Amino acid sequence: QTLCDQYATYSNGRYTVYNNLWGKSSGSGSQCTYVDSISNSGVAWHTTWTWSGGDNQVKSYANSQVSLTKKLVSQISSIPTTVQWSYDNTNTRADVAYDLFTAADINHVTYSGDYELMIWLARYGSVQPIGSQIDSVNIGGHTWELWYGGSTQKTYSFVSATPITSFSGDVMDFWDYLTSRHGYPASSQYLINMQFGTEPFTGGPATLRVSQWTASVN
């Protein structure tokens with residue numbers, strides 16, 4: 001499908017793709033998302049955007065999403081994921097990131113949570129995560145900046161200083177890290193959403209091509 005409207009979506013079984021221009025009112029621009037291939041083994045998609053204004057506000061988060069059974073984080077065995085992606089124009093202010101939400105209420109809305117976990121595989125330009133940097137950490141064979149902030153929604157962001165365009169990992173390593181070292185309440189939080197996509201601030205035109213994304217919550 002071709003997805004140019006603000007909340008356009010396409011789903012086929014296990015994976016869903018969204019245009020998700022939730023922050024378009026913060027600036028001026030436009031964005032279209034496209035599904036290239038979709039199956040039980042993974043999804044390929046791309047999104048093209050130009051954005052200006054509201055320099056420190058995210059304009060959108062076009063993304064692919066994996067279907068999951070909502071489970072306590074303490075009961076999840078593994079969250080394997082692999083992704084291959086590229087940007088054609090990197091002279092932008094944007095990130096490429098996983099986004100996960102957890103909540104104590106299993107029926108919480110899925111686009112927010114008690115906690116948000118972001119894993120930024122790339123940071124372009126003068127943009128920064130929510131909150132402030134609290135440390136540099138080593139997880140899964142990579143060094144990450146760890147950021148924390150937010151009020152009603154507590155957001156932890158793990159940021160790679162160098163773009164990782166071919167990534168494989170287990171997101172449970174990041175939940176384990178927060179559980180062990182930052183008191184994250186894994187035994188009372190349900191994982192309710194897992195997504196991968198890009199947050200534009202300003203720039204463009206730029207096309208994120210995701211040649212394959214796979215994920216599973218086990």
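Residues: numbered from 1 along the sequence shown. These numbers come from the heavy atoms of this one structure, side chains and all, not from hydrogens, waters or symmetry mates.
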Inset, instruction - Quick one: name the residues clustered hydrophobically with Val58, using the 4.5 Å side-chain heavy-atom rule over I, L, V, M, F, W, Y, and just say none if it's on its own. - result: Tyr7, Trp22, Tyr61, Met118, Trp120, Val127, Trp147, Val159, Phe201

Inset, instruction - Could you check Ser78 against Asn218 for side-chain hydrogen bond (donor to acceptor under 3.5 Å, both in side chains), going step by step and ending with a plain yes or no? - result: CA-CA 5 Å; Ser78 64; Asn218 316 307; 3.1 Å; yes

Legend entry - Closest non-hydrogen atom pair between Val17 and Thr9, with its separation: O-OG1, 3.1 Å

Inset, instruction - For this output row, return yes or no: ring centroids of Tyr15 and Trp213 closer than 6.0 angstrom. - result: yes

Inset, instruction - Report yes if some heavy atom in the side chain of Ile130 is under 4.5 Å from a heavy atom in the side chain of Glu116; otherwise report no. - result: yes

Legend entry - Note, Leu117 side chain near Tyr98 side chain (heavy atom, < 4.5 Å): no

Inset, instruction - Could you pull out the closest heavy-atom pair between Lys59 and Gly54, with the gap in Å? - result: NZ-O, 2.9 Å

Legend entry - Apart from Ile106 itself, residues in the same hydrophobic cluster as defined by side-chain heavy atoms under 4.5 Å: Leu72, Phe101, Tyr190, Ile192

Legend entry - Atom NZ of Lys71: over 12 foreign heavy atoms under 6.0 Å: yes

Legend entry - Test item: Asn19 side-chain N/O and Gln31 main-chain N/O as donor-acceptor pair under 3.5 Å: yes

Legend entry - Closest non-hydrogen atom pair, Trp144 against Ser160: CE3-N, 3.6 Å

Inset, instruction - Work out which heavy atom in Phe196 is nearest to a heavy atom in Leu121; give both atom names and the distance. - result: CE1-CD1, 3.8 Å

Inset, instruction - Look at the side-chain heavy atoms of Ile, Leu, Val, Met, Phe, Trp and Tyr, link any pair under 4.5 Å apart, and say whether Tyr18 and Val66 land in one connected group. - result: no

Inset, instruction - Taking the side chain as every heavy atom from C-beta outward, state whether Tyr115 and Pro185 have any atom pair closer than 4.5 Å. - result: yes

Legend entry - Ring centroid separation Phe174 to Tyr156 under 6.0 Å: no

Inset, instruction - Answer yes if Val109 and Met194 sit in the same cluster of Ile, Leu, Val, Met, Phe, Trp and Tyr residues linked by side chain heavy atoms under 4.5 Å apart, and no otherwise. - result: no

Legend entry - Heavy-atom side-chain proximity of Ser60 to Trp51 below 4.5 angstrom: yes

Inset, instruction - Indicate yes or no: at least one non-hydrogen side-chain atom of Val217 is less than 4.5 angstrom from one of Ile76. - result: yes

Inset, instruction - State, to 0.1 Å, how close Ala122 and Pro163 come at their nearest heavy-atom pair, and which atoms those are. - result: CB-CB, 3.9 Å

Inset, instruction - For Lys70, look at atom NZ and say whether over 12 heavy atoms of other residues, nucleotides or ligands are found less than 6.0 Å away. - result: yes

Legend entry - For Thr47, the option from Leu3, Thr198, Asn20 that meets side chain to side chain contact (heavy atoms under 4.5 Å, CB included): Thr198

Legend entry - Expected output: side-chain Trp49 to main-chain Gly203 donor-acceptor under 3.5 Å: no

